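Here the structure is laid out as structure tokens; the discussion comes afterwards.
As a convention, Cβ positions derive from the backbone with ideal geometry for all residues, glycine included, and neighbour counts pool all protein chains shown. No lab work stands behind these numbers, since they all come straight from the coordinates.
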């Protein structure tokens, strides 16, 4: 399940399509816990493409329901990211994921 909560500004028309590479200043957060990832530290703003299952499902679907300039707030259920296995030592099993996501993309 993906629950979009958008900080408004942008254009509301420039949606990501297939074969496009988008630029995201993502910021992870665990529910009732601390951070676990941020691209604001490295300043390498994570140029990835659409439709190749490189990112997780809960982050891939949230990018399609955003536009250029928008600033969402994801809420990823455990079944779409890691909730059965759990990432080793970083993401515990059966955990709810929160993502502060900015989309200032290209293409």
**Request:** Please order 22, 76 by the number of other Cβ within 10 Å, starting at the fewest.
**Result:** 22, 76
**Prompt:** Using a simple spin-label model with points 7 Å from Cα along the Cα→Cβ vector, what separation in nm is obtained for residue 65 and residue 6?
**Reply:** 1.1
**Request:** Please find, in a Gaussian network model of the chain (springs between Cα atoms separated by less than 10 Å), the residue of 51, 33, 12 whose mean-square fluctuation is greatest.
**Result:** 33
**Request:** Choose one answer from 41, 11, 79: the residue with the largest mean-square fluctuation in a GNM of the chain with alpha-carbon springs under 10 Å.
**Result:** 41
**Asked** For segment 70-107, list residues with backbone N below 12 Å from a point placed 7 Å from the Cα of residue 40 toward its Cβ?
**Response** 100-102
**Fill in**
Rounded to whole angstroms and listed largest first, the alpha-carbon spread of segment 21-102 along its three principal axes comes to 32, 26, 19
**Fill in**
When 71, 49 are ranked with the fewest other C-beta atoms within 10 Å first, the list becomes 49, 71
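Before anything else, pin down the relative contact order of the chain: Cα pairs under 8 Å, at least 6 apart, normalised by residue count, whole percent.
Values: 236 pairs, mean separation 42.2, N = 107.
This gives 39 percent for the chain.
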